């Protein structure tokens, strides 16, 4: 009741995690562009594919704080509804939006009613 801080940071953090987030992925050798020249224009794109998301795991669900636990679902998941909302829904998902966790043990028989 004497340390009522001043609070300079609290609900405003990532705002200092961006600069430790968006530098990665542009890397190495851009030396002397030895493959210059050109020619023509014709061959189509090649729709990337959702090669965007990393399939899940059974075993590592204890090493995941509500940042790693929760979230996760959002970012991988930020790719999608922005191209499926301008340009160009896997059962792989279906477990993302409804609390719980991917495995419902329906295998075999008993667990009791009460």
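Residue numbers count along the first chain shown, from 1.
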Exercise for review: Report, from the record, the number of residues in the deposited sequence between residue 72 and residue 73 that have no coordinates, as none, 1 to 3, 4 to 9, or 10 or more.
Suggested key: none
Revision key, fill the gap. What lies unmodelled of the deposited sequence between residue 88 and residue 89 amounts to 1 to 3
Exercise for review: Tell me which of 76-84 and 56-64 has the higher mean C-alpha B-factor in the deposited entry.
Suggested key: 76-84
Exercise for review: Take the C-alpha B-factors listed in the entry for 100-108 and for 21-29, compute each mean, and give the stretch with the larger one.
Suggested key: 21-29
Exercise for review: Check where residue 36 lands among this chain's C-alpha B-factors and tell me if it's the lowest, middle or highest third.
Suggested key: middle
